[PDB]
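Read the single chain below, which is given as structure tokens and is the form deposited in one PDB entry.
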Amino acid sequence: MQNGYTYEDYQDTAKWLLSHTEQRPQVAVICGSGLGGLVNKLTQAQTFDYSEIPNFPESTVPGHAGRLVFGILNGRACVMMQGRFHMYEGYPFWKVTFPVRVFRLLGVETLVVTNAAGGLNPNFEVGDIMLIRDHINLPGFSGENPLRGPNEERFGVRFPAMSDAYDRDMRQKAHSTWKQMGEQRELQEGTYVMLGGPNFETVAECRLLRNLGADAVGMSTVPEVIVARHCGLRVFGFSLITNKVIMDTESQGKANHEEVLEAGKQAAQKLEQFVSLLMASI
């Protein structure tokens, strides 16, 4: 398989956005978890439904449609994705990552990715925020990769490196900012592992994932980071630990979508101010 989008498809979509808004963002943010309300803090906001933008993959999100919002957050011009695409919905990785390449063509230089994740690291608690220090790409091991197919030289190289995907300087800025917020809990940092989903893991699967060294497990983000790094975007991301995974055979209960939603709801306040504060440091 190969990318179903020609370079021209990306630029056509980009040219369309440019001619419909005066906003010219430098930062792009893909919202997840309780970051959904972040759009409410933008100034001079302009919203575009995914369905009205040519070439954009059609979709929505939990309880709300997918919208692309342009605006100024804490003095920084940015564009946000309110709702993303997941392979478990049927989308191939080249559709999932379509927005990342368009952002590049709009002049965006920094990408901020966020998600909800199940905690594998025993020291994590629900509500914890983990800076993504590194990732493990399981679908990648099998060849499921957004870069599979002929390489588009206009975006990047054939064999991009990933060992430096998560910007070091940004992670440092994140720690300083967290300190200034006076938070009692420590800002976590670790390895995110991605799998396909949509079902939740079994005890045995969680144990091996942890033994493989992963700290948090999720069903997104990685394809986006790959493509973003391929085209030279500075990347920074974090996971909202929405639940602790059942690692014990004596299952007291089980992971449920409801609980991850509640967590996203309860941490929204601090997630938003955290991202807002970081804008100034980018």
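Think of the rigid core as the biggest set of C-alphas that the two forms share within 1.5 Å after superposition. Only residues modelled in both forms are compared. All residue numbers are counted from 1 along the displayed sequence.
Although it is not shown, the form deposited in another entry is what the next lines describe.
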### Summary
Only one of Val27, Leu240, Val217, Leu35 passes the 2 Å C-alpha shift threshold between the shown form and the other one with the rigid core fixed, namely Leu35
### Message
With both forms fitted on the core, check whether the Cα of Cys231 differs by 2 Å or more between the shown form and the other one.
### Response
no
### Query
Quick one: once the rigid core is lined up, does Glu58 have its C-alpha move by 2 Å or more between the shown form and the other one?
yes
### Task
Spell out whether the Cα of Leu17 moves at least 2 Å between the shown form and the other one when the two forms are superposed on their rigid core.
no
### Query
Given that the distance between the C-alpha atoms of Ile246 and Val260 changes by 3 Å or more in the other entry, do they end up closer or farther than here?
farther
### in the other entry, shift in Cα separation for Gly34 relative to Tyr88, 3 Å or more
closer
### Query
With the core fixed, which bits of the chain, 3+ residues long, show every Cα moving 2 Å or more between the shown form and the other one?
33-35, 58-61, 63-65, 259-264
